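Single-letter residue listing:
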Amino acid sequence: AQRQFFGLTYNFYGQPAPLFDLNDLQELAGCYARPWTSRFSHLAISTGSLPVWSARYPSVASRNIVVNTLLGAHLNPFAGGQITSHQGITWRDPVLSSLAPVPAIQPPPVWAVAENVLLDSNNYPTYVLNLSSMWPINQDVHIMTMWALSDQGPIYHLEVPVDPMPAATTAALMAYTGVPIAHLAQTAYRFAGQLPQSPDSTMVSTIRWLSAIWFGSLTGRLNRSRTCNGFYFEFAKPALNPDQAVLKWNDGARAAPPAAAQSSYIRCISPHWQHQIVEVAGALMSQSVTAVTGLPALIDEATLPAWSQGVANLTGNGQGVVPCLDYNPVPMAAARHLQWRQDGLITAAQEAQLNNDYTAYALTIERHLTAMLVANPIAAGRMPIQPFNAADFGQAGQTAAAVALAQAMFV
Amino acid sequence: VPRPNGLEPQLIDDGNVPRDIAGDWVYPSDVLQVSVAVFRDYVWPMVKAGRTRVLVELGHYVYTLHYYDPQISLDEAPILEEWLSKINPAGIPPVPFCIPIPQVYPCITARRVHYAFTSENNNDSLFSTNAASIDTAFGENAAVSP
Amino acid sequence: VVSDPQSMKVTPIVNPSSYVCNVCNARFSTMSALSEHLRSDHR
């Protein structure tokens, strides 16, 4: 299958120890203190449209943002070989399941707190000699890596071949029809995180084809009148829950396979991704693919945070790197509505209408995060919000280039 | 709204954004009438645990008293749980408040657990605390107001 | 155990009388009967 994941631990943002305390270990949903196979656990049972977030976890990406620093704080293996222990907490045994208090009689060595520790994976020989059991850990660490190599939104990866969708892909995809993007992220992740799959498996090339097929919809290029291969995502009114996507199937005028491969990493600069279940789902839904199949190439050092500068085997700067086109939710959806008007889906009156109904919605996202960062600073201890600063929220980077990527990805 | 794999059941707050029970709630009485079945099953078990002080906000209610004896021990929970089980979307029973009978001497008292207690000073008909007693000692002396 | 007067009596924090279906709400007399709703109806 695959066994060689190069990771990278979360940044401290200038804080002493990793941003999380003792209580985070016995609060995680699902399997006790087991951080593995968590993420989409608090969403296992849907009650309604309202995004699941409590007091300690003020947002959607709050559950994951916490399991990240909690994850890295206990990742001496792959980066040292030992098991160590942070604040009296360690793994049960070599398989690395749930975290229990440091066992007596033979306690592990105390972990040396460090920021951004490069994970080699092969450094821990027990991993490959017990792959079929500790496989989820590979998918999860990969997630933490994509989240760590960015101070503003998880950097996933789109692709799309030069030729049309395989004959085994079109038959597998016709099963995730009436399924929201929020759920596609849950089924995608829970798939690549329980049993060692192959890089050329049917469910892998289809889930990847489902992610890049989602980006076009998010940009508006793959609407109701322009399918990639009969699949798209119908968006509801932004004032009436814009989180709803669903992979609808039609028989309209399909697009056409591009002249070349459109491999490209994408990011969401705007801190809006934090509270948007749709953005967090789109990110983690793509990460499920780069898990079973390590990074197709290296990531561009063009922008990114000041700590992801020249990583071991993650972010480069030469010619073997792939540019990262980052966008912004508000301008992206503002350009997404503009696509619908061009082909005649919406009236020229609903053009400037959907913009005001969405910008008001995205405002609620901004009014929420700003009010949560102040409530939960950073020097306090944890980092459920991630210090984004209020100077941003609307400084859209090359979002205009991400849109031009979708037009090129589906000619 | 209930939450999966061991997560607190969120109580849909006013703004219409489910919040969590362990806190301080303000219960617009009417709400509490078409909702007790819930109240008693999620917030109540919470208040007893002593982790969710709630203010039932009802304008002017009828109020039943119940004088118990500070000597002996008592836990005001059931004289409340019962009152809850008598609230329809129709009508609520006169709010019952337990009150220790004011003693004459300085008696040793058993730690009782109480829950119901009004904000406004509704003690306006007490008149007297220990008519015949030469002096109330543990109860709340309430000399005949001149 | 020494039965006596004062002894801060504290009611069970969760009424042992009934057992609510947490998925639905069809309550039950004995915990046992509630295992059947959750094993049958909700499974």
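The deposited coordinates, according to the entry record, derive from cryo-EM at 3.3 Å resolution.

Undergrad: Would you mind going over helix α5 (residues 202–219) of chain A with me for this structure?
TA: Within an α-helix, residues lying three or four positions from one another point in the same direction, as the helix has 3.6 residues per turn. Here α5(A) spans 26 Å end to end across 18 residues, near enough to the 26 Å set by a 1.5 Å rise per residue. Burial within α5(A) is extensive, with 15 of its 18 residues counted as buried.

Undergrad: Teacher, can you tell me more about the nonpolar core here?
TA: Most often, soluble globular proteins have nonpolar side chains that are buried together. Residues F78(A), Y127(A), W147(A), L210(A), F215(A), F233(A) and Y327(A) are the most contacted members of the largest nonpolar core, which totals 107 residues. The leading source of residues in this core is α5(A), at 9 residues. When residues of this core are assigned to domains, at least three fall in each of domain 1 (1–327 + 381–411) and domain 2 (328–380) of chain A. When neighbours within four sequence positions are excluded, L210(A) is seen to be in contact with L173(A), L184(A), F233(A), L247(A) and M285(A). Within the second largest apolar cluster, 21 residues are counted, among which are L32(B), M46(B), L58(B) and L80(B).

Undergrad: Explain the arrangement of the chains here, please?
TA: In this assembly 2 pairs of chains touch, with chains B and C having more contacts than any other pair. Spatially, chain A and chain C are disjoint, and the shortest separation between their C-alpha atoms is 10 Å.

Undergrad: What am I meant to see in the packing of α5(A) against helix α6 (residues 277–287) of chain A here?
TA: Helix-helix packing is characterised by the crossing angle of the two axes and by the distance between the axes. All names here are of chain A. One can describe the packing of α5 onto α6 by two numbers: an axis separation of 9 Å at closest approach and a directional angle of 145°. For the crossing formed where α5 meets α6, the hand is left-handed. Facing α5, whose interface residues are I207, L210, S211, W214 and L218, α6 presents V278, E279, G282, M285 and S286. Residues that form the contact of α5 with α6 fall into these classes: 6 nonpolar, 3 polar and 1 charged.

Undergrad: How should the pairing of strand β5 (residues 63–68) of chain B be read in this particular structure?
TA: Two faces make up the sheet, and in a regular strand the side chains alternate between them. Residues and elements named next belong to chain B. Sheet topology places β5 next to strand β6 (residues 95–100); 6 bridges connect them, and they run parallel. Looking at the pairing, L65 lines up with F97 of β6. One crossover worth recording links β5 to the parallel β6 by way of helix α4 (residues 78–84), and it is right-handed.

Undergrad: Honestly, unusual backbone geometry in this entry has me stumped. Any pointers?
TA: Among all residues save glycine, negative phi is the norm, and among peptide bonds the norm is trans. Residues and elements named next belong to chain A. A positive phi angle is found at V160, which is not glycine, with a value near 65°. Within the secondary structure, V160 is located in the loop between β5 (156–158) and α3 (169–173). Judged by its relative accessible area of 5%, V160 is buried. Positive phi is not limited to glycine here, since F393 has a value of about 65°. Within the element layout of this structure, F393 appears in the loop between α9 (351–375) and α10 (399–409). On the basis of relative accessibility, which here comes to 5%, the residue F393 falls in the buried class.

Cut-offs and rules
- Residues numbered from 1 in each chain as written, not as in the entry; some residues may be left out.
- Chains lettered and ligands numbered in written order.
- Part of a larger assembly, values for the part shown.
- Heavy atoms only, no water.
- Helix = DSSP H or I, 4+ residues; strand = E, 2+ residues; numbered from the N terminus.
- Expected span 1.5 Å × (residues − 1).
- Buried < 20%, exposed > 50% of the residue type's maximum accessible area, 1.4 Å probe, protein only.
- Core = buried A, V, L, I, M, F, W, Y, C linked by side-chain atoms within 4.5 Å.
- Domains from an automatic or database assignment.
- Contact = heavy atoms within 4.5 Å.
- Axes fitted to C-alpha atoms, helices over the stretch in contact; angles between N-to-C directions.
- Left-handed = near helix turned anticlockwise from the far one by under 90°.
- Nonpolar A, V, L, I, M, F, W, Y, C, P; charged D, E, K, R; others polar.
- Pairing = 2+ DSSP bridges.
- Right-handed = clockwise from strand over helix to strand, strands pointing away.

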